[PDB]
>>> print(open('input_19.cif').read())   # mmCIF, C-alpha atoms
data_upload
loop_
_atom_site.group_PDB
_atom_site.id
_atom_site.type_symbol
_atom_site.label_atom_id
_atom_site.label_comp_id
_atom_site.auth_asym_id
_atom_site.auth_seq_id
_atom_site.Cartn_x
_atom_site.Cartn_y
_atom_site.Cartn_z
ATOM 1 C CA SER A 1 24.678 -57.975 -71.434
ATOM 2 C CA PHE A 2 21.730 -59.257 -73.455
ATOM 3 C CA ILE A 3 21.740 -62.981 -74.235
ATOM 4 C CA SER A 4 19.282 -63.903 -76.971
ATOM 5 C CA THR A 5 17.044 -66.978 -76.751
ATOM 6 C CA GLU A 6 15.821 -66.430 -80.318
ATOM 7 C CA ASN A 7 17.662 -69.574 -81.482
ATOM 8 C CA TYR A 8 15.977 -71.775 -78.846
ATOM 9 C CA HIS A 9 12.806 -69.929 -77.729
ATOM 10 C CA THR A 10 11.222 -68.778 -80.989
ATOM 11 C CA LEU A 11 7.808 -68.066 -79.402
ATOM 12 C CA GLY A 12 9.070 -65.949 -76.504
ATOM 13 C CA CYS A 13 10.319 -66.978 -73.070
ATOM 14 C CA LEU A 14 7.573 -67.348 -70.466
ATOM 15 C CA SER A 15 9.238 -67.947 -67.081
ATOM 16 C CA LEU A 16 12.744 -67.670 -65.626
ATOM 17 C CA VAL A 17 14.237 -69.094 -62.424
ATOM 18 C CA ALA A 18 17.764 -68.728 -61.037
ATOM 19 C CA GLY A 19 19.520 -70.721 -58.331
ATOM 20 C CA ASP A 20 22.933 -71.730 -56.948
ATOM 21 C CA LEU A 21 23.500 -75.496 -56.830
ATOM 22 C CA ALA A 22 26.483 -77.771 -57.512
ATOM 23 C CA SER A 23 28.846 -74.762 -57.400
ATOM 24 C CA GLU A 24 27.050 -73.305 -60.432
ATOM 25 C CA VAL A 25 24.217 -70.923 -61.295
ATOM 26 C CA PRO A 26 21.483 -72.998 -63.012
ATOM 27 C CA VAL A 27 19.249 -70.487 -64.800
ATOM 28 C CA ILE A 28 16.232 -72.434 -66.064
ATOM 29 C CA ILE A 29 14.096 -70.620 -68.646
ATOM 30 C CA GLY A 30 10.781 -72.147 -69.675
ATOM 31 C CA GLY A 31 9.202 -70.950 -72.908
ATOM 32 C CA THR A 32 7.458 -72.105 -76.062
ATOM 33 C CA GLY A 33 9.041 -72.837 -79.423
ATOM 34 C CA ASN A 34 11.760 -75.248 -80.530
ATOM 35 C CA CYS A 35 12.883 -76.029 -76.964
ATOM 36 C CA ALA A 36 10.644 -75.834 -73.906
ATOM 37 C CA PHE A 37 13.456 -75.599 -71.332
ATOM 38 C CA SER A 38 16.848 -73.882 -71.555
ATOM 39 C CA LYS A 39 19.439 -74.290 -68.791
ATOM 40 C CA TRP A 40 21.995 -71.462 -68.860
ATOM 41 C CA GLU A 41 25.110 -71.578 -66.680
ATOM 42 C CA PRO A 42 27.906 -68.981 -66.479
ATOM 43 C CA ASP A 43 31.007 -69.866 -68.469
ATOM 44 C CA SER A 44 33.997 -69.704 -66.128
ATOM 45 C CA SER A 45 36.351 -69.010 -69.062
ATOM 46 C CA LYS A 46 34.201 -66.263 -70.624
ATOM 47 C CA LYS A 47 31.761 -63.446 -69.776
ATOM 48 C CA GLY A 48 28.289 -64.912 -70.173
ATOM 49 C CA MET A 49 26.121 -67.973 -69.758
ATOM 50 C CA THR A 50 25.987 -70.962 -72.105
ATOM 51 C CA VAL A 51 23.331 -73.643 -72.524
ATOM 52 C CA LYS A 52 24.019 -76.779 -70.473
ATOM 53 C CA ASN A 53 20.763 -78.732 -70.884
ATOM 54 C CA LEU A 54 17.896 -78.661 -73.373
ATOM 55 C CA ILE A 55 14.414 -80.192 -73.200
ATOM 56 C CA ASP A 56 12.452 -80.388 -76.440
ATOM 57 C CA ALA A 57 8.831 -79.237 -76.695
ATOM 58 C CA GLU A 58 7.520 -82.782 -77.110
ATOM 59 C CA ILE A 59 6.016 -83.862 -73.770
ATOM 60 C CA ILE A 60 5.854 -80.370 -72.255
ATOM 61 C CA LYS A 61 5.616 -77.480 -74.713
ATOM 62 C CA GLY A 62 6.788 -74.882 -72.193
ATOM 63 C CA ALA A 63 6.763 -73.609 -68.634
ATOM 64 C CA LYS A 64 4.516 -70.788 -67.411
ATOM 65 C CA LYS A 65 5.895 -70.364 -63.875
ATOM 66 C CA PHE A 66 8.772 -71.750 -61.790
ATOM 67 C CA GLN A 67 9.345 -72.070 -58.044
ATOM 68 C CA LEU A 68 12.702 -73.470 -56.881
ATOM 69 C CA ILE A 69 12.692 -74.160 -53.142
ATOM 70 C CA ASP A 70 15.641 -76.562 -52.941
ATOM 71 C CA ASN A 71 16.682 -79.331 -55.372
ATOM 72 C CA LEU A 72 13.004 -79.314 -56.422
ATOM 73 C CA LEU A 73 11.984 -77.524 -59.627
ATOM 74 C CA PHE A 74 8.197 -77.309 -59.375
ATOM 75 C CA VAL A 75 7.358 -76.822 -63.061
ATOM 76 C CA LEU A 76 3.957 -75.546 -64.175
ATOM 77 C CA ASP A 77 3.510 -76.368 -67.859
ATOM 78 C CA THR A 78 1.408 -74.619 -70.514
ATOM 79 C CA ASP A 79 -1.501 -76.952 -69.641
ATOM 80 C CA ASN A 80 -1.805 -75.615 -66.057
ATOM 81 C CA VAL A 81 -0.393 -78.911 -64.745
ATOM 82 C CA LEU A 82 2.057 -78.887 -61.844
ATOM 83 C CA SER A 83 4.923 -81.366 -61.619
ATOM 84 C CA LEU A 84 7.934 -82.145 -59.439
ATOM 85 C CA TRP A 85 11.385 -82.181 -61.044
ATOM 86 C CA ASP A 86 14.954 -82.708 -59.861
ATOM 87 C CA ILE A 87 17.086 -79.738 -60.897
ATOM 88 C CA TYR A 88 20.345 -81.730 -61.008
ATOM 89 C CA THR A 89 19.481 -83.588 -64.230
ATOM 90 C CA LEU A 90 15.858 -82.570 -65.024
ATOM 91 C CA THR A 91 14.303 -86.018 -64.623
ATOM 92 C CA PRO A 92 10.568 -86.695 -64.120
ATOM 93 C CA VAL A 93 10.074 -87.161 -60.379
ATOM 94 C CA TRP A 94 6.349 -86.532 -59.923
ATOM 95 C CA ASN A 95 3.392 -85.153 -61.867
ATOM 96 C CA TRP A 96 0.093 -83.519 -60.845
ATOM 97 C CA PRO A 97 -2.198 -83.781 -63.898
ATOM 98 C CA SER A 98 -5.426 -84.078 -61.880
ATOM 99 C CA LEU A 99 -5.218 -80.545 -60.435
ATOM 100 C CA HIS A 100 -5.660 -77.764 -63.008
ATOM 101 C CA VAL A 101 -3.464 -75.343 -61.074
ATOM 102 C CA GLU A 102 -3.463 -71.961 -62.812
ATOM 103 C CA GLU A 103 -1.011 -70.605 -60.217
ATOM 104 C CA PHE A 104 0.756 -72.294 -57.301
ATOM 105 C CA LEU A 105 2.454 -70.707 -54.287
ATOM 106 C CA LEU A 106 4.670 -72.538 -51.788
ATOM 107 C CA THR A 107 4.866 -70.984 -48.315
ATOM 108 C CA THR A 108 6.772 -72.253 -45.279
ATOM 109 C CA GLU A 109 8.353 -70.887 -42.102
ATOM 110 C CA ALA A 110 11.801 -70.617 -43.650
ATOM 111 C CA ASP A 111 14.727 -70.712 -41.213
ATOM 112 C CA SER A 112 17.551 -72.033 -43.418
ATOM 113 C CA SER B 1 13.967 -103.496 -102.313
ATOM 114 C CA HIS B 2 13.840 -101.567 -105.609
ATOM 115 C CA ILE B 3 14.562 -102.211 -109.288
ATOM 116 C CA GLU B 4 17.028 -99.971 -111.111
ATOM 117 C CA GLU B 5 15.442 -98.416 -114.210
ATOM 118 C CA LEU B 6 17.835 -95.543 -115.015
ATOM 119 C CA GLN B 7 21.299 -95.683 -116.582
ATOM 120 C CA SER B 8 24.001 -93.604 -114.862
ATOM 121 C CA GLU B 9 27.431 -93.744 -116.515
ATOM 122 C CA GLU B 10 28.822 -90.926 -114.350
ATOM 123 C CA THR B 11 31.386 -91.522 -111.612
ATOM 124 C CA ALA B 12 30.070 -91.570 -108.038
ATOM 125 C CA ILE B 13 32.292 -90.898 -105.020
ATOM 126 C CA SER B 14 30.993 -92.936 -102.081
ATOM 127 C CA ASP B 15 32.025 -95.689 -99.680
ATOM 128 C CA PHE B 16 30.402 -99.097 -99.223
ATOM 129 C CA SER B 17 30.473 -101.881 -96.639
ATOM 130 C CA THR B 18 31.165 -105.574 -97.252
ATOM 131 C CA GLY B 19 30.059 -107.381 -94.108
ATOM 132 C CA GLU B 20 29.636 -104.854 -91.305
ATOM 133 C CA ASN B 21 26.643 -105.308 -89.001
ATOM 134 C CA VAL B 22 25.318 -102.890 -86.387
ATOM 135 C CA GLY B 23 25.288 -104.409 -82.912
ATOM 136 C CA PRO B 24 23.600 -103.176 -79.739
ATOM 137 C CA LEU B 25 22.836 -99.455 -79.666
ATOM 138 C CA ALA B 26 21.645 -96.818 -77.193
ATOM 139 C CA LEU B 27 18.317 -95.051 -76.784
ATOM 140 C CA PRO B 28 17.954 -91.259 -76.898
ATOM 141 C CA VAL B 29 18.211 -89.435 -73.592
ATOM 142 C CA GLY B 30 14.640 -88.162 -73.918
ATOM 143 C CA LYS B 31 13.510 -91.723 -74.614
ATOM 144 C CA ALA B 32 15.550 -92.957 -71.636
ATOM 145 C CA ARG B 33 13.928 -90.391 -69.328
ATOM 146 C CA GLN B 34 10.440 -91.633 -70.247
ATOM 147 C CA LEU B 35 11.379 -95.218 -69.356
ATOM 148 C CA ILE B 36 13.086 -94.115 -66.128
ATOM 149 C CA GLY B 37 9.906 -92.234 -65.246
ATOM 150 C CA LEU B 38 7.778 -95.275 -66.062
ATOM 151 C CA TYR B 39 9.927 -97.470 -63.800
ATOM 152 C CA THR B 40 9.778 -94.860 -61.024
ATOM 153 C CA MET B 41 5.990 -94.577 -61.341
ATOM 154 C CA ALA B 42 5.391 -98.349 -61.444
ATOM 155 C CA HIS B 43 7.136 -98.755 -58.063
ATOM 156 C CA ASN B 44 5.702 -95.695 -56.279
ATOM 157 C CA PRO B 45 3.116 -96.325 -53.514
ATOM 158 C CA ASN B 46 1.718 -92.797 -54.045
ATOM 159 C CA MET B 47 0.549 -93.464 -57.627
ATOM 160 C CA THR B 48 -3.169 -93.743 -58.260
ATOM 161 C CA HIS B 49 -2.662 -97.192 -59.771
ATOM 162 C CA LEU B 50 -5.112 -98.394 -62.412
ATOM 163 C CA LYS B 51 -4.378 -102.145 -62.292
ATOM 164 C CA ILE B 52 -2.835 -102.778 -58.835
ATOM 165 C CA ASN B 53 -4.715 -102.447 -55.538
ATOM 166 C CA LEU B 54 -1.771 -103.698 -53.436
ATOM 167 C CA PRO B 55 1.551 -102.145 -52.385
ATOM 168 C CA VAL B 56 4.004 -102.525 -55.248
ATOM 169 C CA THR B 57 6.609 -105.277 -54.954
ATOM 170 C CA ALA B 58 10.215 -104.122 -55.157
ATOM 171 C CA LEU B 59 12.236 -105.201 -58.186
ATOM 172 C CA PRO B 60 15.943 -105.107 -59.042
ATOM 173 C CA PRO B 61 17.043 -101.869 -60.699
ATOM 174 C CA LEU B 62 16.506 -100.625 -64.241
ATOM 175 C CA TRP B 63 19.372 -99.207 -66.315
ATOM 176 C CA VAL B 64 18.569 -97.550 -69.653
ATOM 177 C CA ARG B 65 21.351 -96.892 -72.149
ATOM 178 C CA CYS B 66 21.882 -93.280 -73.228
ATOM 179 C CA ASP B 67 23.515 -92.110 -76.459
ATOM 180 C CA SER B 68 24.560 -88.754 -74.913
ATOM 181 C CA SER B 69 22.452 -86.891 -77.476
ATOM 182 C CA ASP B 70 22.298 -83.973 -75.000
ATOM 183 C CA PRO B 71 25.184 -81.906 -73.569
ATOM 184 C CA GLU B 72 24.701 -83.714 -70.255
ATOM 185 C CA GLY B 73 27.272 -86.335 -71.199
ATOM 186 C CA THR B 74 25.056 -88.980 -69.599
#
>>> encode(input="input_19.cif", output="structure tokens")
Amino acid sequence: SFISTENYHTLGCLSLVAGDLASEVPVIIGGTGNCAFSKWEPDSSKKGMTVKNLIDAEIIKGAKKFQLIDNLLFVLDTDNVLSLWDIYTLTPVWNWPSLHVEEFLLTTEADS
Amino acid sequence: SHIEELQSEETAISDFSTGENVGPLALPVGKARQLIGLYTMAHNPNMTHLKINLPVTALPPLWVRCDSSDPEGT
């Protein structure tokens, strides 16, 4: 089933991340265009995902890469700037504008 | 704040008010997030502060009104 982001991401979607929090499936897609962020969640009454949250391309024009460890959406913007976000409501928690991080990797001895 | 200089004898269908005033309103959710972030940053010891060289003093909470302009319902 193809779901089109042509009505929200007019310049192509750049990064996609999928998780399972709050008894849902938050699929956060970061791209450039009318809306920088699109949060798709599966509709329980239908067959497909619908948009639940939208962030305009005003402060951040888009997301290049995501990494969702747990309740922490580390968002790398189009300016190679890393930031810390809370996935529950997408509120600004932290920002890292001093470090021009082209790519960031988070590694830990994961047990649970 | 303008002077009428055209004559319109046609019938216009519109409604008008005779004493209604807009009271307190709510800020946009995107605007509210910026202020919530500013409050969070102003009271964070891990900020590279530009005007304060001391640990930040705690203050009673901030609550920004939201107009629910997003499908959050907030």
>>> interface_residues(input="input_19.cif", of="chain B", to="chain A", cutoff="12 Å", atoms="only C-alpha atoms", output="VMD selection string")
chain B and resid 29 to 42 44 46 to 48 68 to 74
>>> atom_distance(input="input_19.cif", atom1="atom CA of residue 39 of chain A", atom2="atom CA of residue 63 of chain B")
25.0 Å
>>> atom_distance(input="input_19.cif", atom1="atom CA of residue 76 of chain A", atom2="atom CA of residue 38 of chain A")
14.9 Å
>>> resolve_selection(input="input_19.cif", expression="the PyMOL selection byres ((chain A and resi 80) around 12)", output="list in words")
residues 60, 61, 62, 63, 64, 65, 75, 76, 77, 78, 79, 81, 82, 83, 95, 96, 97, 98, 99, 100, 101, 102, 103 and 104 of chain A
>>> atom_distance(input="input_19.cif", atom1="atom CA of residue 10 of chain A", atom2="atom CA of residue 84 of chain A")
25.6 Å
>>> residues_around(input="input_19.cif", residues="residue 42 of chain A", least_positions_apart="6", cutoff="8 Å", atoms="all atoms listed in the file", output="count of residues only")
5
>>> resolve_selection(input="input_19.cif", expression="the PyMOL selection byres ((chain A and resi 70) around 9)", output="ChimeraX atom specification")
/A:19,21,68-69,71-73,87
>>> resolve_selection(input="input_19.cif", expression="the PyMOL selection byres ((chain A and resi 12) around 12)", output="PyMOL selection string")
chain A and resi 4-11+13-16+29-37+62-64
>>> write_last_selection(input="input_19.cif", atoms="C-alpha atoms", output="PDB file, keeping the file's coordinate frame")
ATOM      1  CA  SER A   4      19.282 -63.903 -76.971  1.00  0.00           C
ATOM      2  CA  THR A   5      17.044 -66.978 -76.751  1.00  0.00           C
ATOM      3  CA  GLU A   6      15.821 -66.430 -80.318  1.00  0.00           C
ATOM      4  CA  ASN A   7      17.662 -69.574 -81.482  1.00  0.00           C
ATOM      5  CA  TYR A   8      15.977 -71.775 -78.846  1.00  0.00           C
ATOM      6  CA  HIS A   9      12.806 -69.929 -77.729  1.00  0.00           C
ATOM      7  CA  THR A  10      11.222 -68.778 -80.989  1.00  0.00           C
ATOM      8  CA  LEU A  11       7.808 -68.066 -79.402  1.00  0.00           C
ATOM      9  CA  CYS A  13      10.319 -66.978 -73.070  1.00  0.00           C
ATOM     10  CA  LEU A  14       7.573 -67.348 -70.466  1.00  0.00           C
ATOM     11  CA  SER A  15       9.238 -67.947 -67.081  1.00  0.00           C
ATOM     12  CA  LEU A  16      12.744 -67.670 -65.626  1.00  0.00           C
ATOM     13  CA  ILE A  29      14.096 -70.620 -68.646  1.00  0.00           C
ATOM     14  CA  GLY A  30      10.781 -72.147 -69.675  1.00  0.00           C
ATOM     15  CA  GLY A  31       9.202 -70.950 -72.908  1.00  0.00           C
ATOM     16  CA  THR A  32       7.458 -72.105 -76.062  1.00  0.00           C
ATOM     17  CA  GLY A  33       9.041 -72.837 -79.423  1.00  0.00           C
ATOM     18  CA  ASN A  34      11.760 -75.248 -80.530  1.00  0.00           C
ATOM     19  CA  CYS A  35      12.883 -76.029 -76.964  1.00  0.00           C
ATOM     20  CA  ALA A  36      10.644 -75.834 -73.906  1.00  0.00           C
ATOM     21  CA  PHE A  37      13.456 -75.599 -71.332  1.00  0.00           C
ATOM     22  CA  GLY A  62       6.788 -74.882 -72.193  1.00  0.00           C
ATOM     23  CA  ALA A  63       6.763 -73.609 -68.634  1.00  0.00           C
ATOM     24  CA  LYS A  64       4.516 -70.788 -67.411  1.00  0.00           C
TER      25      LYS A  64
END
>>> closest_residue(input="input_19.cif", among="A:40, A:23, A:109, A:17", to="residue 67 of chain A", atoms="only C-alpha atoms")
A:17
>>> decode(input="input_19.cif", residues="segment 59-97 of chain A", atoms="N, CA and C atoms", output="PDB file, in the first residue's frame")
ATOM      1  N   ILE A  59      11.151  26.801  11.579  1.00  0.00           N
ATOM      2  CA  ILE A  59      12.370  26.788  12.380  1.00  0.00           C
ATOM      3  C   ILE A  59      13.330  25.776  11.772  1.00  0.00           C
ATOM      4  N   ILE A  60      12.850  24.551  11.576  1.00  0.00           N
ATOM      5  CA  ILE A  60      13.613  23.492  10.926  1.00  0.00           C
ATOM      6  C   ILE A  60      12.941  23.169   9.599  1.00  0.00           C
ATOM      7  N   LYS A  61      13.707  23.247   8.509  1.00  0.00           N
ATOM      8  CA  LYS A  61      13.147  23.025   7.182  1.00  0.00           C
ATOM      9  C   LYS A  61      12.983  21.549   6.845  1.00  0.00           C
ATOM     10  N   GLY A  62      13.617  20.660   7.594  1.00  0.00           N
ATOM     11  CA  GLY A  62      13.509  19.241   7.333  1.00  0.00           C
ATOM     12  C   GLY A  62      14.519  18.464   8.142  1.00  0.00           C
ATOM     13  N   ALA A  63      14.360  17.145   8.108  1.00  0.00           N
ATOM     14  CA  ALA A  63      15.216  16.228   8.850  1.00  0.00           C
ATOM     15  C   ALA A  63      15.951  15.311   7.884  1.00  0.00           C
ATOM     16  N   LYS A  64      17.269  15.218   8.051  1.00  0.00           N
ATOM     17  CA  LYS A  64      18.113  14.385   7.203  1.00  0.00           C
ATOM     18  C   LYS A  64      18.226  12.954   7.717  1.00  0.00           C
ATOM     19  N   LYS A  65      18.274  12.766   9.035  1.00  0.00           N
ATOM     20  CA  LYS A  65      18.445  11.439   9.612  1.00  0.00           C
ATOM     21  C   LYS A  65      17.817  11.403  10.999  1.00  0.00           C
ATOM     22  N   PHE A  66      17.194  10.275  11.333  1.00  0.00           N
ATOM     23  CA  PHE A  66      16.582  10.054  12.638  1.00  0.00           C
ATOM     24  C   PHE A  66      17.306   8.932  13.372  1.00  0.00           C
ATOM     25  N   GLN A  67      17.175   8.930  14.700  1.00  0.00           N
ATOM     26  CA  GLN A  67      17.629   7.818  15.530  1.00  0.00           C
ATOM     27  C   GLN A  67      16.806   7.829  16.814  1.00  0.00           C
ATOM     28  N   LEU A  68      15.880   6.877  16.929  1.00  0.00           N
ATOM     29  CA  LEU A  68      14.941   6.808  18.048  1.00  0.00           C
ATOM     30  C   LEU A  68      15.372   5.694  18.995  1.00  0.00           C
ATOM     31  N   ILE A  69      16.047   6.063  20.085  1.00  0.00           N
ATOM     32  CA  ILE A  69      16.459   5.061  21.065  1.00  0.00           C
ATOM     33  C   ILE A  69      15.283   4.684  21.960  1.00  0.00           C
ATOM     34  N   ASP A  70      14.804   5.654  22.737  1.00  0.00           N
ATOM     35  CA  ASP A  70      13.596   5.487  23.541  1.00  0.00           C
ATOM     36  C   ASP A  70      13.125   6.844  24.047  1.00  0.00           C
ATOM     37  N   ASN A  71      11.877   7.196  23.711  1.00  0.00           N
ATOM     38  CA  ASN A  71      11.270   8.483  24.063  1.00  0.00           C
ATOM     39  C   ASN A  71      12.216   9.652  23.801  1.00  0.00           C
ATOM     40  N   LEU A  72      13.153   9.481  22.869  1.00  0.00           N
ATOM     41  CA  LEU A  72      14.115  10.521  22.519  1.00  0.00           C
ATOM     42  C   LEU A  72      14.342  10.496  21.014  1.00  0.00           C
ATOM     43  N   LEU A  73      13.786  11.486  20.318  1.00  0.00           N
ATOM     44  CA  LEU A  73      13.888  11.574  18.865  1.00  0.00           C
ATOM     45  C   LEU A  73      15.032  12.524  18.522  1.00  0.00           C
ATOM     46  N   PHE A  74      16.237  11.965  18.429  1.00  0.00           N
ATOM     47  CA  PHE A  74      17.413  12.736  18.040  1.00  0.00           C
ATOM     48  C   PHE A  74      17.267  13.143  16.579  1.00  0.00           C
ATOM     49  N   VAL A  75      16.964  14.415  16.344  1.00  0.00           N
ATOM     50  CA  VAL A  75      16.651  14.922  15.012  1.00  0.00           C
ATOM     51  C   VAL A  75      17.854  15.693  14.491  1.00  0.00           C
ATOM     52  N   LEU A  76      18.371  15.264  13.344  1.00  0.00           N
ATOM     53  CA  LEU A  76      19.383  16.007  12.604  1.00  0.00           C
ATOM     54  C   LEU A  76      18.677  16.787  11.503  1.00  0.00           C
ATOM     55  N   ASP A  77      18.822  18.108  11.519  1.00  0.00           N
ATOM     56  CA  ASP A  77      18.103  18.959  10.582  1.00  0.00           C
ATOM     57  C   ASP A  77      18.859  19.031   9.255  1.00  0.00           C
ATOM     58  N   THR A  78      18.403  19.906   8.360  1.00  0.00           N
ATOM     59  CA  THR A  78      19.075  20.131   7.088  1.00  0.00           C
ATOM     60  C   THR A  78      20.327  20.987   7.226  1.00  0.00           C
ATOM     61  N   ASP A  79      20.577  21.550   8.409  1.00  0.00           N
ATOM     62  CA  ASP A  79      21.751  22.372   8.664  1.00  0.00           C
ATOM     63  C   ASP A  79      22.846  21.600   9.395  1.00  0.00           C
ATOM     64  N   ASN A  80      22.759  20.267   9.403  1.00  0.00           N
ATOM     65  CA  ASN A  80      23.726  19.408  10.091  1.00  0.00           C
ATOM     66  C   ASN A  80      23.826  19.760  11.574  1.00  0.00           C
ATOM     67  N   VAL A  81      22.681  20.038  12.191  1.00  0.00           N
ATOM     68  CA  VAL A  81      22.599  20.392  13.603  1.00  0.00           C
ATOM     69  C   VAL A  81      21.769  19.329  14.308  1.00  0.00           C
ATOM     70  N   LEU A  82      22.351  18.706  15.327  1.00  0.00           N
ATOM     71  CA  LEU A  82      21.649  17.694  16.101  1.00  0.00           C
ATOM     72  C   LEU A  82      20.824  18.348  17.203  1.00  0.00           C
ATOM     73  N   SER A  83      19.727  17.691  17.572  1.00  0.00           N
ATOM     74  CA  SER A  83      18.862  18.193  18.629  1.00  0.00           C
ATOM     75  C   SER A  83      18.173  17.020  19.312  1.00  0.00           C
ATOM     76  N   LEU A  84      17.716  17.265  20.535  1.00  0.00           N
ATOM     77  CA  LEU A  84      16.999  16.272  21.324  1.00  0.00           C
ATOM     78  C   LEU A  84      15.525  16.652  21.393  1.00  0.00           C
ATOM     79  N   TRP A  85      14.655  15.692  21.090  1.00  0.00           N
ATOM     80  CA  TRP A  85      13.220  15.923  21.030  1.00  0.00           C
ATOM     81  C   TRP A  85      12.489  14.828  21.792  1.00  0.00           C
ATOM     82  N   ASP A  86      11.330  15.176  22.343  1.00  0.00           N
ATOM     83  CA  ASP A  86      10.463  14.207  22.998  1.00  0.00           C
ATOM     84  C   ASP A  86       9.395  13.750  22.014  1.00  0.00           C
ATOM     85  N   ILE A  87       9.368  12.445  21.736  1.00  0.00           N
ATOM     86  CA  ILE A  87       8.495  11.916  20.692  1.00  0.00           C
ATOM     87  C   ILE A  87       7.015  12.022  21.049  1.00  0.00           C
ATOM     88  N   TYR A  88       6.678  12.140  22.335  1.00  0.00           N
ATOM     89  CA  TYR A  88       5.275  12.122  22.738  1.00  0.00           C
ATOM     90  C   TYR A  88       4.506  13.302  22.152  1.00  0.00           C
ATOM     91  N   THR A  89       5.095  14.500  22.177  1.00  0.00           N
ATOM     92  CA  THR A  89       4.432  15.687  21.662  1.00  0.00           C
ATOM     93  C   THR A  89       5.311  16.546  20.762  1.00  0.00           C
ATOM     94  N   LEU A  90       6.547  16.125  20.486  1.00  0.00           N
ATOM     95  CA  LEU A  90       7.466  16.847  19.602  1.00  0.00           C
ATOM     96  C   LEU A  90       7.711  18.273  20.102  1.00  0.00           C
ATOM     97  N   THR A  91       8.242  18.359  21.325  1.00  0.00           N
ATOM     98  CA  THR A  91       8.585  19.630  21.941  1.00  0.00           C
ATOM     99  C   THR A  91      10.099  19.805  21.999  1.00  0.00           C
ATOM    100  N   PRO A  92      10.600  21.041  21.895  1.00  0.00           N
ATOM    101  CA  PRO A  92      12.055  21.248  21.924  1.00  0.00           C
ATOM    102  C   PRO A  92      12.655  20.975  23.294  1.00  0.00           C
ATOM    103  N   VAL A  93      13.442  19.905  23.397  1.00  0.00           N
ATOM    104  CA  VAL A  93      14.036  19.530  24.676  1.00  0.00           C
ATOM    105  C   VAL A  93      15.466  20.039  24.776  1.00  0.00           C
ATOM    106  N   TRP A  94      16.250  19.846  23.719  1.00  0.00           N
ATOM    107  CA  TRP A  94      17.645  20.255  23.714  1.00  0.00           C
ATOM    108  C   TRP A  94      18.003  20.596  22.273  1.00  0.00           C
ATOM    109  N   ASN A  95      19.090  21.342  22.095  1.00  0.00           N
ATOM    110  CA  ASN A  95      19.638  21.591  20.771  1.00  0.00           C
ATOM    111  C   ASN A  95      21.158  21.571  20.835  1.00  0.00           C
ATOM    112  N   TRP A  96      21.783  21.147  19.732  1.00  0.00           N
ATOM    113  CA  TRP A  96      23.237  21.108  19.584  1.00  0.00           C
ATOM    114  C   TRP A  96      23.612  21.881  18.325  1.00  0.00           C
ATOM    115  N   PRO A  97      23.558  23.217  18.359  1.00  0.00           N
ATOM    116  CA  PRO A  97      23.950  24.003  17.186  1.00  0.00           C
ATOM    117  C   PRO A  97      25.446  24.231  17.048  1.00  0.00           C
TER     118      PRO A  97
END
